[PDB]
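Working notes for the structure below.
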Amino acid sequence: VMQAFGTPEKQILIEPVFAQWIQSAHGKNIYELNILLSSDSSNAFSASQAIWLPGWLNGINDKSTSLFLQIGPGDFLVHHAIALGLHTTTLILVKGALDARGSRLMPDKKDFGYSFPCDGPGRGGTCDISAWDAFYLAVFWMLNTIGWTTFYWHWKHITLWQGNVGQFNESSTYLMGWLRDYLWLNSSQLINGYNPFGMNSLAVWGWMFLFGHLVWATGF
Amino acid sequence: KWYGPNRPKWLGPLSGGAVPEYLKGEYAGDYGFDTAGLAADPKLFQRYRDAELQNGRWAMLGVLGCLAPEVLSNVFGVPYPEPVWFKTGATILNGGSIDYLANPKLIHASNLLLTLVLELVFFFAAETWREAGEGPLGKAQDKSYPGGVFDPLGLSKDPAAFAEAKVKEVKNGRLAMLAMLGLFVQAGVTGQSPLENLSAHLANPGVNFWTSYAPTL
Amino acid sequence: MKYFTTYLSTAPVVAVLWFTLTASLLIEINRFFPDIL
Amino acid sequence: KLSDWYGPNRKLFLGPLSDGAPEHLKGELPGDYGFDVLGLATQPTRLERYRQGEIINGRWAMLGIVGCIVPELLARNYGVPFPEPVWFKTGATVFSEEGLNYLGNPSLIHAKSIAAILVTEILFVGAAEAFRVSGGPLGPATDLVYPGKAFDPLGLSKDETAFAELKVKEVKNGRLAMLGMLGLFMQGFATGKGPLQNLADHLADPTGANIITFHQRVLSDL
Amino acid sequence: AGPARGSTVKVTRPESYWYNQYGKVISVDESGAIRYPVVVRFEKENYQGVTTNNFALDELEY
Amino acid sequence: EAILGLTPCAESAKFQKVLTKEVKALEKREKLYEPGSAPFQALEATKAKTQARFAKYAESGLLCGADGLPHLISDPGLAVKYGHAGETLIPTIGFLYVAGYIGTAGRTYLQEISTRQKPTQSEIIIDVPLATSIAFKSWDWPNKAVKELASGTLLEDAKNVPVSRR
Amino acid sequence: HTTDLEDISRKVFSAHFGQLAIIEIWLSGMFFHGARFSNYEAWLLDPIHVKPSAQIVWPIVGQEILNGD
Ligand code: CLA
Ligand SMILES: CC1=C(C#C/C(C)=C/C=C/C(C)=C/C=C/C=C(C)/C=C/C=C(C)/C=C/[C@@]23O[C@]2(C)C[C@@H](O)CC3(C)C)C(C)(C)C[C@H](O)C1
């Protein structure tokens with residue numbers, strides 16, 4: 001809503017300082033925090049028989065490698081999204097396993113087994129009360145959560161490799177950025193794999209892209 | 001100074017109708033003053049009693065602690081950076097430290113938030129033990145008057161002396177509370193130290209008043 | 001009016017009223033003191 | 001009859017919408033419109049103390065509002081030479097050179113020391129209040145709010161019904177006066193002018209001088 | 001022994017909706033053939049929507 | 001003070017770039033209208049507010065990133081050491097006071113009506129006097145919280161809590 | 001609620017009047033917004049160029065950007 005009203009300076013952009021601290025301790029010097037391996041005077045740094053350190057520090061302070069990528073507010077939000085997905089998947093599965101043998105709505109669930117449809121419309125109705133149904137519910141949450149992690153990994157690399165890390169840093173803090181500068185923009189060549197003019201070697205991935213859309217919708 | 005039905009009262013000789021009924025002279029400092037009826041509920045009265053003693057005892061240590069480092073700097077030559085009470089605090093800000101008795105080998109504290117967090121944690125423990133009335137230092141005899149480790153000299157053993165000393169405590173407490181409220185308002189109005197405020201009214205009884213600041217409002 | 005105040009005391013009326021006041025207060029604060037970050 | 005102001009058929013604060021009164025407000029008191037939304041008088045001891053409190057603050061407010069208005073009224077609409085006629089500026093005029101001169105006239109009181117005014121106030125008004133509560137030279141303290149021996153010379157409080165209607169007239173005039181006083185404080189804070197200046201500006205341009213305009217101005221100064 | 005009609009009991013039958021909750025005794029049956037003689041009434045209805053149930057003596061704490 | 005690789009917004013060029021970009025957009029919109037007309041006045045009010053807002057962010061010690069947008073510091077130690085406690089740490093205390101108040105008022109009203117004849121009628125028809133009294137008496141809610149905690153009246157005992165076959 | 005078809009008919013007829021009342025409020029609104037917060041008189045001179053508009057937004061929290069040209 002801040003981006004939509006033309007006021008990007010009124011975004012809430014929390015720095016991930018705890019992850020930047022850990023990165024600083026590993027030897028990244030971009031956050032000017034000077035601790036452990038990023039301080040010259042520390043015991044960890046000056047450990048005589050360290051000897052992996054010159055190689056390591058060369059690697060960790062090179063933009064080309066993905067050895068501890070730099071992070072900012074966009075990284076803070078998605079990491080909390082992933083946390084939401086891990087906890088929510090866990091909650092559905094843990095409830096599944098801990099309410100497996102019985103609950104208050106059905107105290108004798110162990111006598112029906114892992115997978116059964118329901119216990120009928122009585123007691124207020126009991127659809128999806130078996131532990132198998134908890135698994136079935138949790139798979140949607142797991143796909144959503146790996147979805148969020150792979151979208152982040154991809155967009156973060158695609159911008160690093162093209163050089164414009166600003167794109168990710170600027171756009172990743174609001175959801176129209178994901179929709180427009182990630183999904184919408186990077187679907188241009190894919191959907192031109194076969195056109196009225198002709199076809200290129202992306203035509204197989206084009207077709208498999210619509211096939212996926214169809215199979216997903218058929219599941220509904 | 002006393003208890004009972006014919007104790008000192010708050011309007012003195014003219015205190016016939018000035019006493020509410022629920023104040024029957026059972027607790028220390030009953031002068032039959034409660035014009036807003038706050039203590040009419042007897043559970044609220046127990047609460048407020050504890051509160052009046054907590055505010056009072058804190059006020060006593062406070063007024064002693066607001067005056068003592070100024071006096072030490074004045075009388076003796078103890079080189080406090082900003083020894084005034086409303087200016088202490090800022091010493092730990094910027095890069096400055098807090099040195100007890102202005103000696104940089106004594107506490108040498110520079111982390112404000114570590115200080116505050118230690119204080120809240122220590123208080124969360126000790127205040128929870130206070131409210132429960134039982135803890136490491138023992139079980140309390142009364143919520144406001146714990147005794148035991150808290151009374152190492154055994155001055156509460158004698159019953160009559162204890163009854164008197166409760167009246168001494170609550171009256172010093174009240175004074176200290178008015179002192180502290182004094183300190184706050186004086187700082188807010190005059191902007192100077194409270195020993196400078198005293199010196200200014202000792203030098204000149206006259207104009208050096210609240211009625212040199214009142215015209216400016 | 002003899003039971004009209006009891007109707008006003010019911011949950012959706014009290015909710016609409018309370019949200020309206022709370023919303024109005026936040027709007028008026030955000031008129032006087034805008035852009036607090 | 002004393003029935004529109006007492007008992008179960010009294011007039012209540014919400015008007016036609018009123019479907020009854022709280023339980024602690026029974027309708028045995030003057031000016032009981034059944035208005036205790038924050039429930040401050042749910043204890044009976046408090047309801048007694050706050051009854052007295054309301055009447056005393058009212059009486060003092062009625063004397064206050066009149067005192068606050070009239071020396072401005074003389075100085076504007078009659079031309080009495082007051083140094084500072086505005087009530088919130090008066091009081092520093094004892095630290096002037098001519099002092100506090102009743103009606104302007106420099107021989108009338110001519111006070112210069114706040115110490116004497118304060119000490120006489122503490123003594124005099126200290127006495128008068130302690131008498132009010134405990135009883136004193138002008139009678140016993142049988143009723144704490146309506147004594148009536150020395151303090152009712154014209155014998156107005158004798159006709160029972162008339163006493164119960166006058167009682168309600170006291171409270172309601174007292175409430176008006178406390179709202180008036182509160183208005184003097186806030187308008188003092190808001191405008192920095194006197195009350196009758198404010199009344200003059202309202203009367204000049206009613207739309208373009210009120211509390212709405214004031215809030216606009218505040219908003220324009222951010 | 002039985003509870004008194006009108007007394008308060010606590011259910012200790014684990015499969016019940018009202019386990020660890022308190023109910024009022026309405027009736028006790030005195031025959032020994034009856035398997036659940038005590039009738040208890042509760043304030044909170046269960047998922048079925050009923051508020052009463054028969055219990056044995058070894059399922060109540062009185 | 002520049003920490004964590006961030007520049008202060010007061011001495012950031014990208015910050016100024018952003019302010020320029022917003023003000024330029026408003027100028028373009030103003031070109032269409034006449035210098036005295038009321039749309040014009042609206043766009044001027046908008047531009048004024050905008051410049052004021054950036055000025056405020058500049059004198060608040062806010063810290064800008066490479067994007068030129070202010071960034072908040074949420075470790076309390078870093079916040080307090082470098083004067084950024086107004087970004088998250090004070091709001092924390094402010095939220096936790098108001099949330100404790102709302103909870104306390106709600107719990108109080110519920111514990112009060114639970115002793116009535118039909119307690120569920122007092123949930124769909126609110127006892128408005130009772131609710132206002134509770135709302136205003138609950139400003140000192142830690143009194144009740146620490147009392148309940150230390151005394152033991154906060155928690156129901158496990159024997160009285162309904163639970164499943166476990 | 002009931003089994004009586006007369007009582008049902010009566011409820012239906014009366015509810016119908018309430019629907020017409022709410023429709024009439026909604027139309028009155030459209031005419032009022034058109035009389036007091038629109039550019040209808042401007043549009044009447046130049047239908048081809050002026051775009052019809054009859055909802056203004058209040059300035060608060062930055063929403064005034066929705067008041068387009
Ligand atoms: C008195 C009201 C009240 C109180 C004190 C609590 C307290 C709590 N809730 Mg509960 N809850 C409530 C109402 C309340 N809730 C209501 C009305 C709902 C239905 C939406 C829920 C649904 C709910 C869920 C699904 C969960 C909690 C959880 C919790 C616990 C953790 C905090 C939290 O998750 O907040 C979150 C609170 C909400 C999501 C609901 C908002 C509550 C509103 C804002 C306040 C009460 C409104 C009420 C109408 C006020 C009327 C008072 C007036 C008449 C005086 C905490 C014990 C969590 C828990 O179990 O932790 C272990 C949890 O998962 N609550
Ligand atoms: C009884 C009654 C009534 C009343 C009343 C009255 C008169 C109540 C008045 C209460 C009052 C006036 C209570 C003040 C307390 C002050 C305290 C606790 C101070 C602590 C101070 C401390 C602990 C700290 C001090 C410092 O931290 C400081 C500040 C700065 C630092 O550099 C140094 C140190 C750390 C040392 C009514 C309402 C009139 C009518 C009703 O009917 C009956």
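Labeling convention for the structure tokens: chains A, B, ... as they appear, residues from 1 per chain, ligands from 1 in order of appearance.
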Near-ligand residues for ligand 2, threshold 6 Å, only C-alpha atoms and all ligand atoms, as a PyMOL selection string:
chain B and resi 34-38+55+58-59+62+65-66+85-86+88+177-178+180-181
Write out as an mmCIF file with N, CA, C and O atoms, in the first residue's frame which residues come within 10 Å of residue D:187 when counting only C-alpha atoms, dropping same-chain ones fewer than 6 positions away.
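After the write, result-v6.cif holds the following:
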data_model
loop_
_atom_site.group_PDB
_atom_site.id
_atom_site.type_symbol
_atom_site.label_atom_id
_atom_site.label_comp_id
_atom_site.auth_asym_id
_atom_site.auth_seq_id
_atom_site.Cartn_x
_atom_site.Cartn_y
_atom_site.Cartn_z
ATOM 1 N N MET D 181 -16.397 26.880 33.880
ATOM 2 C CA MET D 181 -15.077 27.184 34.361
ATOM 3 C C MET D 181 -14.126 26.408 33.473
ATOM 4 O O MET D 181 -13.097 26.936 33.048
ATOM 5 N N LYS D 193 -6.427 34.689 24.876
ATOM 6 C CA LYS D 193 -7.196 35.895 25.101
ATOM 7 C C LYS D 193 -8.116 35.648 26.287
ATOM 8 O O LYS D 193 -8.141 34.553 26.842
ATOM 9 N N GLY D 194 -8.872 36.678 26.664
ATOM 10 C CA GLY D 194 -9.825 36.562 27.751
ATOM 11 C C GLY D 194 -11.148 35.976 27.269
ATOM 12 O O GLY D 194 -11.416 35.937 26.069
ATOM 13 N N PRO D 195 -12.023 35.562 28.204
ATOM 14 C CA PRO D 195 -13.340 35.014 27.894
ATOM 15 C C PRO D 195 -14.266 35.882 27.051
ATOM 16 O O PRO D 195 -14.932 35.362 26.160
ATOM 17 N N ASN D 198 -13.160 36.236 23.530
ATOM 18 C CA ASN D 198 -13.567 35.045 22.812
ATOM 19 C C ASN D 198 -15.032 35.173 22.419
ATOM 20 O O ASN D 198 -15.406 34.806 21.307
ATOM 21 N N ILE D 211 -14.255 26.267 17.894
ATOM 22 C CA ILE D 211 -13.285 25.261 18.250
ATOM 23 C C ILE D 211 -12.875 24.463 17.009
ATOM 24 O O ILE D 211 -11.764 23.917 16.983
#
Can you work out which residues are within 8 Å of ligand 1, considering only C-alpha atoms and all ligand atoms, and then hand them over as a PyMOL selection string?
chain F and resi 102-110+123+126-128+130-132+134-135
Convert the current residue selection to file output with N, CA and C atoms, as a short mmCIF file (atom, residue, chain, number, x, y, z; two decimals), in the first residue's frame.
data_model
loop_
_atom_site.label_atom_id
_atom_site.label_comp_id
_atom_site.auth_asym_id
_atom_site.auth_seq_id
_atom_site.Cartn_x
_atom_site.Cartn_y
_atom_site.Cartn_z
N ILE F 102 -6.19 -4.84 26.83
CA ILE F 102 -7.34 -5.46 26.17
C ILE F 102 -7.57 -6.85 26.75
N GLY F 103 -6.52 -7.65 26.91
CA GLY F 103 -6.68 -8.97 27.49
C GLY F 103 -7.31 -8.90 28.87
N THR F 104 -6.74 -8.06 29.72
CA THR F 104 -7.22 -7.91 31.08
C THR F 104 -8.70 -7.49 31.11
N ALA F 105 -9.08 -6.52 30.29
CA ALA F 105 -10.49 -6.14 30.25
C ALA F 105 -11.35 -7.31 29.81
N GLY F 106 -10.91 -8.08 28.83
CA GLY F 106 -11.73 -9.17 28.33
C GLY F 106 -11.83 -10.30 29.35
N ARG F 107 -10.70 -10.67 29.93
CA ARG F 107 -10.75 -11.72 30.90
C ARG F 107 -11.64 -11.28 32.06
N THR F 108 -11.59 -9.99 32.42
CA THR F 108 -12.27 -9.54 33.62
C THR F 108 -13.76 -9.67 33.40
N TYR F 109 -14.23 -9.22 32.25
CA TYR F 109 -15.66 -9.20 31.95
C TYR F 109 -16.21 -10.61 31.90
N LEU F 110 -15.37 -11.55 31.47
CA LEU F 110 -15.78 -12.92 31.28
C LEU F 110 -15.88 -13.59 32.65
N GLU F 123 -23.01 -12.64 26.81
CA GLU F 123 -21.96 -12.62 25.82
C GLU F 123 -22.46 -12.07 24.49
N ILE F 126 -24.20 -7.31 25.44
CA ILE F 126 -23.10 -6.88 26.27
C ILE F 126 -23.68 -6.05 27.40
N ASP F 127 -23.20 -6.29 28.61
CA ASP F 127 -23.55 -5.47 29.75
C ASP F 127 -22.68 -4.22 29.70
N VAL F 128 -23.24 -3.13 29.15
CA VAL F 128 -22.43 -2.03 28.68
C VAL F 128 -21.87 -1.25 29.86
N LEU F 130 -21.16 -2.47 32.81
CA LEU F 130 -20.17 -3.36 33.37
C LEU F 130 -18.92 -3.34 32.51
N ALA F 131 -19.11 -3.31 31.19
CA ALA F 131 -17.99 -3.31 30.28
C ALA F 131 -17.21 -2.00 30.35
N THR F 132 -17.89 -0.85 30.44
CA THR F 132 -17.20 0.43 30.55
C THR F 132 -16.46 0.53 31.88
N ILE F 134 -15.18 -1.91 33.56
CA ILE F 134 -14.02 -2.78 33.48
C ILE F 134 -12.96 -2.12 32.58
N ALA F 135 -13.41 -1.48 31.51
CA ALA F 135 -12.46 -0.92 30.56
C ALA F 135 -11.65 0.18 31.21
#
Interatomic distance, atom CA of residue B:183 to atom CA of residue B:199 (Å, one decimal):
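Atom CA of residue B:199 lies 14.4 Å from atom CA of residue B:183.
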With a cut-off of 9 Å and counting only C-alpha atoms, select all residues of chain F in contact with chain G and give the selection as an mmCIF file with N, CA and C atoms, in the first residue's frame.
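The result, stored in selection-v6.cif:
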data_model
loop_
_atom_site.group_PDB
_atom_site.id
_atom_site.type_symbol
_atom_site.label_atom_id
_atom_site.label_comp_id
_atom_site.auth_asym_id
_atom_site.auth_seq_id
_atom_site.Cartn_x
_atom_site.Cartn_y
_atom_site.Cartn_z
ATOM 1 N N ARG F 29 2.001 16.676 -12.785
ATOM 2 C CA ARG F 29 0.546 16.686 -12.655
ATOM 3 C C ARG F 29 0.055 18.126 -12.583
ATOM 4 N N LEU F 32 -0.916 20.483 -15.847
ATOM 5 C CA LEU F 32 -2.214 20.384 -16.502
ATOM 6 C C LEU F 32 -3.204 21.422 -15.964
ATOM 7 N N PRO F 39 -7.624 22.002 -7.636
ATOM 8 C CA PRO F 39 -6.694 20.896 -7.857
ATOM 9 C C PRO F 39 -5.222 21.226 -7.679
ATOM 10 N N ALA F 42 -4.480 21.390 -4.055
ATOM 11 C CA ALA F 42 -4.400 20.038 -3.537
ATOM 12 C C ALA F 42 -3.023 19.437 -3.808
ATOM 13 N N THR F 46 -0.029 18.311 -1.206
ATOM 14 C CA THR F 46 0.581 17.002 -1.276
ATOM 15 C C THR F 46 2.092 17.150 -1.278
#
Using DSSP assignments from the backbone, pull out every residue in chain F that falls under strand (DSSP E) and give it to me as a PyMOL selection string.
chain F and resi 7-8+63-64+70-71
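Atom CA of residue F:139 lies 27.2 Å from atom CA of residue C:6.
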Interatomic distance (Å, one decimal) between atom CA of residue D:4 and atom CA of residue D:163
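Interatomic distance here is 14.9 Å.
With only C-alpha atoms as the atoms that count, the residue of C:27, C:5, C:17, C:12 with the shortest distance to chain G is C:27.
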Considering only C-alpha atoms, return as a VMD selection string whatever protein or nucleic-acid residues lie within 10 Å of residue D:70, sequence-local ones (same chain, fewer than 6 positions apart) excluded.
chain D and resid 76 85 to 87 196
Export N, CA, C and O atoms of the chosen residues as a short mmCIF file (atom, residue, chain, number, x, y, z; two decimals), in the first residue's frame?
data_model
loop_
_atom_site.label_atom_id
_atom_site.label_comp_id
_atom_site.auth_asym_id
_atom_site.auth_seq_id
_atom_site.Cartn_x
_atom_site.Cartn_y
_atom_site.Cartn_z
N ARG D 76 -14.08 46.45 30.04
CA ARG D 76 -14.35 46.56 28.62
C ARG D 76 -15.59 47.43 28.41
O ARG D 76 -15.53 48.45 27.72
N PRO D 85 -6.98 42.98 33.14
CA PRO D 85 -8.34 42.57 33.50
C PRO D 85 -8.60 41.08 33.30
O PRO D 85 -9.56 40.55 33.86
N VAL D 86 -7.74 40.42 32.52
CA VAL D 86 -7.89 39.01 32.18
C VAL D 86 -7.47 38.16 33.38
O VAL D 86 -6.38 38.32 33.93
N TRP D 87 -8.31 37.18 33.71
CA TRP D 87 -8.24 36.49 34.98
C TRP D 87 -6.96 35.70 35.14
O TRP D 87 -6.50 35.54 36.26
N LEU D 196 -14.36 37.19 27.37
CA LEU D 196 -15.28 38.06 26.66
C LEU D 196 -14.70 38.49 25.31
O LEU D 196 -15.45 38.83 24.39
#
Pull the closest atom pair for each residue of chain C that gets at most 8 Å from chain F, along with the distance in Å to one decimal, counting only C-alpha atoms, ordering rows by chain and then ascending residue number, as a tab-separated table.
residue	atom	partner	partner_atom	distance
C:6	CA	F:125	CA	7.3
C:7	CA	F:125	CA	8.0
C:9	CA	F:126	CA	5.4
C:10	CA	F:125	CA	4.2
C:11	CA	F:124	CA	5.2
C:14	CA	F:126	CA	7.7
C:35	CA	F:53	CA	6.9
C:37	CA	F:87	CA	6.7
Kindly assemble as a tab-separated table a list of the chain D residues that lie within 12 Å of chain B, each paired with its nearest atom pair and their distance in Å to one decimal, using only C-alpha atoms, sorted first by chain and then by ascending residue number.
residue	atom	partner	partner_atom	distance
D:40	CA	B:38	CA	10.9
D:41	CA	B:37	CA	10.5
D:42	CA	B:41	CA	11.3
D:43	CA	B:40	CA	8.0
D:44	CA	B:40	CA	8.9
D:45	CA	B:37	CA	6.4
D:46	CA	B:37	CA	5.3
D:47	CA	B:37	CA	8.9
D:48	CA	B:37	CA	8.9
D:49	CA	B:36	CA	6.5
D:50	CA	B:36	CA	7.5
D:51	CA	B:36	CA	10.9
D:52	CA	B:35	CA	10.3
D:53	CA	B:36	CA	8.8
D:54	CA	B:36	CA	11.8
D:88	CA	B:217	CA	8.9
D:89	CA	B:215	CA	8.3
D:90	CA	B:215	CA	9.6
D:91	CA	B:215	CA	7.9
D:92	CA	B:215	CA	5.2
D:93	CA	B:215	CA	8.8
D:94	CA	B:215	CA	9.8
D:95	CA	B:215	CA	8.3
D:96	CA	B:215	CA	10.5
D:112	CA	B:207	CA	12.0
D:113	CA	B:206	CA	9.9
D:114	CA	B:211	CA	8.0
D:115	CA	B:206	CA	9.3
D:118	CA	B:211	CA	11.1
D:126	CA	B:11	CA	9.7
D:127	CA	B:14	CA	9.2
D:128	CA	B:14	CA	11.0
D:129	CA	B:11	CA	10.0
D:130	CA	B:14	CA	6.3
D:131	CA	B:14	CA	7.3
D:132	CA	B:17	CA	9.4
D:133	CA	B:17	CA	5.8
D:134	CA	B:17	CA	4.9
D:135	CA	B:14	CA	7.8
D:136	CA	B:14	CA	8.6
D:137	CA	B:14	CA	11.9
D:140	CA	B:17	CA	10.4
D:141	CA	B:17	CA	7.7
D:142	CA	B:17	CA	9.2
D:143	CA	B:17	CA	10.4
D:144	CA	B:17	CA	8.8
D:188	CA	B:217	CA	11.7
D:189	CA	B:217	CA	11.0
D:192	CA	B:217	CA	11.4
Export, as an mmCIF file, in the first residue's frame, the selected residues with C-alpha atoms.
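Saved file again14.cif follows:
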data_model
loop_
_atom_site.group_PDB
_atom_site.id
_atom_site.type_symbol
_atom_site.label_atom_id
_atom_site.label_comp_id
_atom_site.auth_asym_id
_atom_site.auth_seq_id
_atom_site.Cartn_x
_atom_site.Cartn_y
_atom_site.Cartn_z
ATOM 1 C CA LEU D 40 -17.599 5.711 39.923
ATOM 2 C CA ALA D 41 -20.437 5.733 42.488
ATOM 3 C CA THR D 42 -21.021 1.966 42.701
ATOM 4 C CA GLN D 43 -19.754 1.984 46.297
ATOM 5 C CA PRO D 44 -22.148 3.808 48.717
ATOM 6 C CA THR D 45 -19.451 5.553 50.760
ATOM 7 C CA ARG D 46 -17.992 7.047 47.616
ATOM 8 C CA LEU D 47 -21.469 8.114 46.458
ATOM 9 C CA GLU D 48 -21.809 10.088 49.673
ATOM 10 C CA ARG D 49 -18.414 11.753 49.487
ATOM 11 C CA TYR D 50 -18.844 12.555 45.778
ATOM 12 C CA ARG D 51 -22.262 14.050 46.466
ATOM 13 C CA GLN D 52 -20.686 16.564 48.839
ATOM 14 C CA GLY D 53 -17.736 17.009 46.504
ATOM 15 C CA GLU D 54 -19.999 17.796 43.575
ATOM 16 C CA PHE D 88 -5.256 34.336 34.166
ATOM 17 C CA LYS D 89 -2.974 37.378 33.953
ATOM 18 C CA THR D 90 -4.310 38.858 37.204
ATOM 19 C CA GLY D 91 -2.183 37.591 40.078
ATOM 20 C CA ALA D 92 1.120 38.721 38.584
ATOM 21 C CA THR D 93 -0.175 42.258 39.227
ATOM 22 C CA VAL D 94 0.881 41.976 42.868
ATOM 23 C CA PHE D 95 4.451 42.011 41.484
ATOM 24 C CA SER D 96 3.777 45.246 39.617
ATOM 25 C CA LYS D 112 2.336 44.216 47.324
ATOM 26 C CA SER D 113 3.401 41.095 49.250
ATOM 27 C CA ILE D 114 2.196 37.654 48.208
ATOM 28 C CA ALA D 115 3.391 36.338 51.603
ATOM 29 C CA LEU D 118 -0.993 33.637 51.229
ATOM 30 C CA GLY D 126 -8.302 27.002 56.720
ATOM 31 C CA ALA D 127 -10.521 27.982 59.603
ATOM 32 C CA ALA D 128 -13.640 28.322 57.470
ATOM 33 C CA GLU D 129 -13.204 24.871 55.896
ATOM 34 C CA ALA D 130 -12.418 23.159 59.206
ATOM 35 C CA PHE D 131 -15.581 24.766 60.641
ATOM 36 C CA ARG D 132 -17.558 23.565 57.636
ATOM 37 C CA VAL D 133 -16.668 19.968 58.436
ATOM 38 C CA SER D 134 -16.400 19.843 62.223
ATOM 39 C CA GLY D 135 -18.687 22.691 63.310
ATOM 40 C CA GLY D 136 -17.802 26.189 64.458
ATOM 41 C CA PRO D 137 -18.953 29.642 65.615
ATOM 42 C CA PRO D 140 -23.088 22.737 64.469
ATOM 43 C CA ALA D 141 -22.169 20.516 61.507
ATOM 44 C CA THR D 142 -25.373 18.453 61.486
ATOM 45 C CA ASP D 143 -25.809 18.630 57.730
ATOM 46 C CA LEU D 144 -22.474 18.804 55.928
ATOM 47 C CA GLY D 188 -7.361 30.265 27.976
ATOM 48 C CA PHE D 189 -5.034 27.522 26.753
ATOM 49 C CA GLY D 192 -4.480 33.211 24.996
#
So which residues touch residue F:67 within 8 Å, counting only C-alpha atoms, skipping near sequence neighbours fewer than 4 positions away, as an MDAnalysis selection string?
(chainID A and resid 166 169:170) or (chainID F and resid 14)
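In plain terms, chain C touches chain G through residues 24, 26, 27, 28, 29, 30, 31, 32, 33, 34, 35 and 36 of chain C, where touching means an atom at most 12 Å away, counting only C-alpha atoms.
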Preceding selection exported with C-alpha atoms as a short mmCIF file (atom, residue, chain, number, x, y, z; two decimals), in the first residue's frame:
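File produced: again15.cif:
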data_model
loop_
_atom_site.label_atom_id
_atom_site.label_comp_id
_atom_site.auth_asym_id
_atom_site.auth_seq_id
_atom_site.Cartn_x
_atom_site.Cartn_y
_atom_site.Cartn_z
CA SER C 24 -12.09 7.32 13.87
CA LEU C 26 -6.74 6.37 14.51
CA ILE C 27 -7.76 8.36 11.43
CA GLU C 28 -7.79 11.63 13.45
CA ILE C 29 -4.38 10.84 14.98
CA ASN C 30 -3.09 10.14 11.48
CA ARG C 31 -4.38 13.50 10.38
CA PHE C 32 -2.66 15.45 13.14
CA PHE C 33 0.51 13.42 13.51
CA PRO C 34 1.27 11.72 10.18
CA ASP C 35 4.08 9.47 8.94
CA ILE C 36 5.34 7.87 12.15
#
At most 10 Å to chain C: residues in chain A, only C-alpha atoms, as a PyMOL selection string:
chain A and resi 9-12
Could the residues in this selection be written to a file with N, CA, C and O atoms, as a short mmCIF file (atom, residue, chain, number, x, y, z; two decimals), in the first residue's frame?
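As written to disk, again-v9.cif reads:
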data_model
loop_
_atom_site.label_atom_id
_atom_site.label_comp_id
_atom_site.auth_asym_id
_atom_site.auth_seq_id
_atom_site.Cartn_x
_atom_site.Cartn_y
_atom_site.Cartn_z
N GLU A 9 9.26 5.46 0.89
CA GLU A 9 10.05 5.76 2.08
C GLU A 9 9.28 5.38 3.35
O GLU A 9 9.88 5.32 4.42
N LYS A 10 7.98 5.07 3.26
CA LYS A 10 7.23 4.75 4.47
C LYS A 10 7.03 3.25 4.62
O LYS A 10 6.25 2.82 5.47
N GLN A 11 7.74 2.45 3.83
CA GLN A 11 7.83 1.03 4.12
C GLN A 11 8.51 0.73 5.45
O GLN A 11 9.38 1.47 5.92
N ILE A 12 8.09 -0.39 6.05
CA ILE A 12 8.80 -0.97 7.16
C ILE A 12 9.82 -1.95 6.60
O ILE A 12 9.43 -3.00 6.09
#
